[PDB]
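Quick setup: one chain, the form deposited in one PDB entry, written in structure tokens, and binding and motion questions come after.
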């Protein structure tokens, strides 16, 4: 008898129509690239079952031949003395192929529709992931099966990142990108944790089923993204974005994307800033079990907080980057301050667990912050750059160049972390601080431009345009 509209459908009423289509994509691409990080994780959990030292795990009585020195419990290509080498090659053939084949998935992204391209990539990314664990049921014992599958999976997994940031760059304007994409980047941690939680169920058991369920969830999301993806904001005919400046512009040439004046320096900064976050997280279990002496459990517990620091730092850097209008001055002051604070972690970290939480969150903040900021905000900034003057379309080629040079660092991670490791386990810690000066020195020209632009903005005294 008294209508008085309900507070929920009065709150949901206030949002405009083309402010719902922005909320859909920013959710949908949150689930698409959280399923790419789910299918990469099951080879770093089942690393510890394909060798399986038989000190524990007592023997069911079937064979008593030659005492079975780590060949009873093990999988047959990975059973002898060379298992760190043979399991190194399998994990290395993915990292080489994903970094070489990323540059091609940029120039295929702008020449194909992003719903027929991002949804064939997910089906093949589920298939080649699931064949790895399907090799358990077929009882396959050969190196060149598990190598070739990881090669094809590394070539297929690269259709994901040039398409997702293109979809979330066609919608959102220049207004807030450090805050919204900083909030948004928690999918690369949600995916790692939900991969570590799913693939670890069927390990210590039927390990070939650790690969099939994350391969099937990706192929189901690859058909949900075929049905509900709108790549341009003019397809539903609501509103073009806040990008200032019938037919569609022709895509850029690959040599033209290196001409945009900030790509090949942010690129070489990201190559050297991914290597820091690799070799610190490599050096850390060498520091726990040799100096600190905490446990064997805490080494996998502190690596989670080193990532939680990253999703705090990615939004703090984004807020400062938006409200101050400098994107390479934030990435320099966030990388300068990590070297004295990692020396401080080296000097304080011998103490209890109360000092190993207030340091690792800050370390993940200062190290995984510029990675997120460079890989999304300045990557969707330089794609829609003003020098293209509207008569070009280069948004998937720049975000392929920057991330495919950032993946050369992850590919050169374990090739150098295994080289100087026999000469002393405290010798990678100099590679850390060398790369944290290289990554800072590759931004000095950008920082000089950002400071020089403030003199013609602040000395004018609230001037004209």
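Positions refer to the first chain, counted from 1. Just so we're on the same page, rigid core means the largest C-alpha set that superposes within 1.5 Å between forms.
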(request) Pick one of none, 1 to 3, 4 to 9 or 10 or more for the number of deposited-sequence residues not modelled between residue 245 and residue 246. (result) 10 or more
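One more form of this protein should be noted, the form deposited in another entry, which is absent from this view; the next part is about it.
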(request) Superpose on the rigid core and name the single residue from 203, 198, 308, 90 whose Cα moves by 2 angstroms or more between this form and the one not shown. (result) 308
(message) Tell me whether residue 260 is among the residues that move between this form and the one not shown (Cα shift of 2 angstroms or more, core superposed).
(response) yes
(message) If the two forms are fitted on the core, does residue 231 show a Cα displacement reaching 2 angstroms between this form and the one not shown?
(response) no
(message) When the rigid core is used for the superposition, does residue 130 move between this form and the one not shown (threshold: C-alpha shift of 2 Å or more)?
(response) no
(message) At a change of 3 Å or more, would you call the C-alpha separation of residue 402 and residue 121 in the other form closer or farther than in the form supplied?
(response) farther
(request) Please say whether the CA atoms of residue 415 and residue 91 come closer or move farther apart in the other form, knowing the change relative to this form is 3 Å or more. (result) closer
